[PDB]
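Take a look at this single chain in structure tokens; it is the form solved without ligand EQU.
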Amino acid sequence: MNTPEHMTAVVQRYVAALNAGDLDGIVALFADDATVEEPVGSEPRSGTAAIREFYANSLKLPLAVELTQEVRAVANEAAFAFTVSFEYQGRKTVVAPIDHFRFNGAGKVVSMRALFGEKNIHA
């Protein structure tokens, strides 16, 4: 089974890559068969190609990202609270999602779902 230590590291690495703008770094964290659903309720993006393009499009504005609380991790799953902030054509927007990773036996993210609505989008 996955250690919480590793899962927590991977979450820090995810946030590190977003702050650094490191697309290879982000996609590395995922398994090539993996899925991303951001926000929850949207068409989950599937495969390396789709996940790669999702984060490339996200990283068209430079992002300020930070964990706002300890990572939760157990039984092949982590979840975490954080902010994602960006500024464009006037104003700054702070989104506050809760994300959720499921990890495979190899310790790569096989699914990530980002849960947040309009009410969690502050601008």
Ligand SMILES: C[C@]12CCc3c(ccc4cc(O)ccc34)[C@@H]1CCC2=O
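Position 1 is the first residue in the sequence shown; the rest follow in order.
Unshown form solved in complex with ligand EQU; subsequent notes refer to it.
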So, ligand EQU superimposed from where it sits in the entry with it bound: by the 2.4 Å backbone or C-beta clash rule, 3 or more atoms, this site is open
The unique member of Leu67, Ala79, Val95, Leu29 whose heavy atoms fall within 4.5 Å of ligand EQU in the entry with it bound:
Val95
Would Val71 count as touching ligand EQU in the entry with it bound under a 4.5 Å heavy atom rule?
no
Flag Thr35 as yes or no: does it have a non-hydrogen atom within 4.5 angstroms of any non-hydrogen atom of ligand EQU in the entry with it bound?
no
Just to confirm, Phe103 within 4.5 Å of ligand EQU in the entry with it bound by heavy atoms?
no
Answer for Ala114 alone: is it within 4.5 Å of ligand EQU in the entry with it bound, judged on heavy atom distances?
yes
For the stretch 42-64, I need every residue with any heavy atom inside 4.5 Å of ligand EQU in the entry with it bound, listed N to C.
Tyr55, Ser58, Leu63
